[PDB]
K.L.:
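Take a look at the following structure, please.
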Amino acid sequence: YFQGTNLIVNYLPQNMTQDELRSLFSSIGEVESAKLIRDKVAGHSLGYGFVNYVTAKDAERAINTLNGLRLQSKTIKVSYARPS
């Protein structure tokens, strides 16, 4: 089974801010960094972000707890950020 600290969070609502993203994930455990991706020109969210936990165990708990969470008209996807 895969262990890691780094997550990608997809299908976030357009009005979710980086601070709200950080907060949601901070409820599980200590967050090393949370970054909401936005567009260059218009400042609008691209609807996804990266959340890295201090501990691997907390990233796993974040996936199990928050994957599939329904926010507004979106079902979010939380997974490990892995290459390919």
Side-chain angles (χ1 to χ4, degrees), residues 2-34 36-39 42-84:
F2 181 84
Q3 262 76 313
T5 55
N6 295 3
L7 302 178
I8 186 175
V9 185
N10 272 284
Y11 317 130
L12 300 168
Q14 276 291 302
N15 71 12
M16 190 179 226
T17 64
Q18 181 170 286
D19 288 323
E20 289 170 330
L21 178 64
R22 185 187 47 69
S23 291
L24 178 59
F25 285 84
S26 298
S27 65
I28 308 300
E30 181 67 356
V31 174
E32 167 71 35
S33 64
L36 182 72
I37 306 310
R38 299 188 162 272
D39 75 334
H44 292 67
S45 175
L46 292 177
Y48 73 99
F50 297 95
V51 173
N52 299 344
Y53 280 96
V54 172
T55 82
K57 275 286 297 190
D58 284 345
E60 177 177 5
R61 286 193 272 266
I63 293 173
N64 289 344
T65 300
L66 300 171
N67 187 46
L69 187 68
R70 200 190 291 273
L71 292 175
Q72 299 169 50
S73 64
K74 301 297 186 185
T75 297
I76 83 177
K77 187 177 186 174
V78 183
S79 53
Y80 292 113
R82 300 175 67 180
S84 274

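Position 1 is the first residue of the sequence, and the numbers go up from there.
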K.L.:
Are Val54 and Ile28 connected in the hydrophobic side-chain network, where two residues link if heavy atoms are under 4.5 Å apart?
P.N.:
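In one cluster with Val54: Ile28, no.
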K.L.:
Test side chain to side chain contact (heavy atoms under 4.5 Å, CB included) on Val51 and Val31; report intermediate values, then the result.
P.N.:
CA-CA 7 Å; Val51 173; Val31 174; 4.1 Å; yes
K.L.:
Hey, what do you get for CD (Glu32) to CG (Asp58), rounding to the nearest 0.5 Å?
P.N.:
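The CD atom of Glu32 sits 12.5 Å away from the CG atom of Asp58.
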K.L.:
To the nearest 0.5 Å, what is the distance between CE (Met16) and OG (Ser23)?
P.N.:
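These two atoms lie 8.0 Å from each other.
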K.L.:
Check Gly4 against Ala59 and note the closest heavy-atom contact, atom names and distance.
P.N.:
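In terms of heavy atoms, the two residues are closest at O-CB, 3.2 Å.
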K.L.:
Hey, could you give me the NZ/CD distance between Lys57 and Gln3, rounded to the nearest 0.5 Å?
P.N.:
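Going from NZ on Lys57 over to CD on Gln3, the span is 9.0 Å.
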K.L.:
Can you tell me how far CD1 of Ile63 sits from CZ of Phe2, rounded to the nearest 0.5 angstrom?
P.N.:
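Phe2 atom CZ to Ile63 atom CD1 measures 8.5 Å (nearest 0.5 Å).
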K.L.:
Is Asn6 close to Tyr80 at the side-chain level, that is, under 4.5 Å between some pair of heavy atoms?
P.N.:
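The answer is no, as the side chains (C-beta and beyond) never meet within the 4.5 Å cut-off.
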K.L.:
Compare all side-chain heavy atoms of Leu7 with those of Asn52 and state whether any distance is below 4.5 angstrom.
P.N.:
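With C-beta onward as the side chain, the pair stays apart.
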K.L.:
Yes or no on ring pair (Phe, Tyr, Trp, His ring centres under 6.0 Å) for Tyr11 and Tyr48, after CA distance, side-chain angles and deciding distance?
P.N.:
CA-CA 6 Å; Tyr11 317 130; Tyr48 73 99; 9.4 Å; no
K.L.:
If you look at every heavy atom in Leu21 and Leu12, which pair is closest and at what distance?
P.N.:
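Scanning both residues, the minimum pair turns out to be CD1-CD1, 4.1 Å.
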K.L.:
Donor-acceptor pair, distance only, cut-off 3.5 Å: does the side chain of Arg22 make one with the backbone of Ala34?
P.N.:
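No.
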K.L.:
Would you mind telling me which of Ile8, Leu36, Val9 makes a side chain to side chain contact (heavy atoms under 4.5 Å, CB included) with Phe50?
P.N.:
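Testing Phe50 for a side chain to side chain contact (heavy atoms under 4.5 Å, CB included) against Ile8, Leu36, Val9 leaves exactly one candidate, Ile8.
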K.L.:
Given side chains that start at C-beta, do those of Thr5 and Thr55 come closer than 4.5 Å, heavy atoms only?
P.N.:
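No, their side chains stay 4.5 Å or more apart.
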K.L.:
Working to the nearest 0.5 Å, report the span between OG of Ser33 and OH of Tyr53.
P.N.:
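Between atom OG of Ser33 and atom OH of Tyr53 there are 11.0 Å.
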K.L.:
For the CD atom of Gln14 and the OG atom of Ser45, what is their distance to the nearest 0.5 Å?
P.N.:
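Between atom CD of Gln14 and atom OG of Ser45 there are 5.0 Å.
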K.L.:
Side-chain donor-acceptor pair under 3.5 Å between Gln72 and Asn15, yes or no?
P.N.:
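Yes, a side-chain donor-acceptor pair sits under 3.5 Å.
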K.L.:
Does the side chain of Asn67 come within less than 4.5 Å of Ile76's, by heavy atoms?
P.N.:
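When only atoms from C-beta onward are counted, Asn67 and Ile76 do not touch, as no gap falls below 4.5 Å.
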K.L.:
Verify side chain to side chain contact (heavy atoms under 4.5 Å, CB included) between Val78 and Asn64, making sure each step is shown before the conclusion.
P.N.:
CA-CA 8 Å; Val78 183; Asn64 289 344; over 6 Å; no
K.L.:
Judged by atom type as modelled, is there a donor-acceptor pair below 3.5 Å linking the side chain of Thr65 to the main-chain atoms of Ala62?
P.N.:
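It does not hold such a pair.
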